[PDB]
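Here's the structure we're looking at; comments come further down.
One-based numbering along the sequence shown. Each ligand, and each atom within it, is numbered from 1 in the order the structure gives.
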Amino acid sequence: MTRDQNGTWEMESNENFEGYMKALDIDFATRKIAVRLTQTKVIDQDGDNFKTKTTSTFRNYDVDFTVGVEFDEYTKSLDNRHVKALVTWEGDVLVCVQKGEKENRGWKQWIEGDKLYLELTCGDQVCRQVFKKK
Ligand SMILES: CCCCC/C=C\C/C=C\C/C=C\C/C=C\CCCC(=O)OC[C@@H](O)CO
């Protein structure tokens with residue numbers, strides 16, 4: 001029983017964020033800034049209802065969802081695309097499929113020990129982030 005992801009989480013590693021952003025067609029100048037940054041993630045979770053806020057000195061991104069309920073997601077200030085998003089549980093892993101113009105786009109987020117893991121996929125690029133609880 002490790003579905004409770006509530007907390008404030010600080011990034012400690014961010015593997016292949018450059019490749020993930022390139023797969024999303026983020027321009028070089030934006031990648032140059034974004035790859036430098038430590039992200040913070042605040043998760044407010046009530047059962048299957050999630051409110052998430054990911055922050056940095058350069059851009060912030062909020063996404064709220066209920067597990068099992070498809071929603072329209074606009075990735076404002078990231079790659080600025082519209083997708084249909086669905087988050088489901090696979091065991092205690094949150095799995096999101098973002099259906100839209102990019103093939104094989106989604107993410108998976110789970111608790112393991114005292115860490116939050118987030119793997120973001122776009123095409124053949126996977127970015128693996130690890131966060132430690134504040
Ligand atoms: C927002 C801080 C990073 C900004 C970097 C600025 C520009 C880079 C442009 C595009 C890169 C694409 C995505 C950024 C990566 C992670 C932010 C969270 C994405 C997400 O939905 O979290 C999954 C899940 O945690 C949400 O609940």
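- With hydrogens left out, the protein atom closest to atom 22 (O) of ligand 1 is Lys41 NZ, 3.7 Å, a heavy atom.
- Among protein heavy atoms, the minimum distance from atom 13 (C) of ligand 1 is reached at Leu78 CD1, 3.7 Å.
- The ligand atoms of ligand 1 that sit less than 4.0 angstrom from a heavy atom of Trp107 are 21 (O), 23 (C), 24 (C).
- Taking atom 15 (C) of ligand 1 as the reference point, the nearest protein heavy-atom neighbour is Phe17 CE1, 3.7 Å.
- Inter-residue side-chain proximity for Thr121 and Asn104 is flagged as met; some heavy-atom pair is nearer than 4.5 Å.
- Using a 4.0 Å cut-off between a side-chain N of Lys or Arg and a carboxylate O of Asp or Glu, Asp62 and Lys53 do not qualify as a salt bridge.
- When each atom of ligand 1 is checked for a heavy atom of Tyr20 under 4.0 Å away, the hits are 12 (C), 13 (C).
- Looking at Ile33 against ligand 1, nothing comes within 4.0 Å, counting heavy atoms.
- In the vicinity of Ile26, heavy-atom distances shorter than 4.0 Å reach the ligand 1 atoms 9 (C), 10 (C).
- Taking atom 11 (C) of ligand 1 as the reference point, the nearest protein heavy-atom neighbour is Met21 CG, 3.9 Å.
- Residue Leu24 approaches ligand 1 through these ligand atoms, each under 4.0 Å from one of its heavy atoms: 12 (C).
- Ion pairing between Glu70 and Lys99 fails under the 4.0 Å rule for side-chain N and carboxylate O.
- Ranking the protein heavy atoms by distance from atom 16 (C) of ligand 1 puts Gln39 OE1, 3.7 Å first.
- Each of the following atoms of ligand 1 lies closer than 4.0 Å to a heavy atom of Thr52: 26 (C), 27 (O).
- Side-chain contact of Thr66 with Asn49: a donor-acceptor pair under 3.5 Å is present, judged by distance alone.
- In the vicinity of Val63, heavy-atom distances shorter than 4.0 Å reach the ligand 1 atoms 26 (C), 27 (O).
- At a cut-off of 3.5 Å, with distance as the only test, a side-chain donor of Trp110 or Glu112 sits close to an acceptor on the other residue.
- For ligand 1 and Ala34, the ligand atoms under 4.0 Å from any heavy atom of the residue are 5 (C), 6 (C), 7 (C), 8 (C).
- Shortest contact from atom 25 (O) of ligand 1 to any protein heavy atom: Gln109 OE1, 2.6 Å.
- With respect to the salt-bridge test (charged N to carboxylate O, under 4.0 angstrom), the residues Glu12 and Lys132 qualify.
- Using a 4.5 Å cut-off on side-chain heavy atoms (C-beta onward), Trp89 and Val95 make no contact.
- With hydrogens left out, the protein atom closest to atom 2 (C) of ligand 1 is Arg59 O, 3.6 Å, a heavy atom.
- Residues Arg59 and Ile33 are not in side-chain contact: their nearest non-hydrogen atoms beyond the backbone lie 4.5 Å or more apart.
- In this structure, the side chains of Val93 and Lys108 come closer than 4.5 Å at one or more pairs of heavy atoms.
- When all heavy atoms of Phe71 and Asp64 are compared, the closest pair comes out as CE1-O, 4.0 Å.
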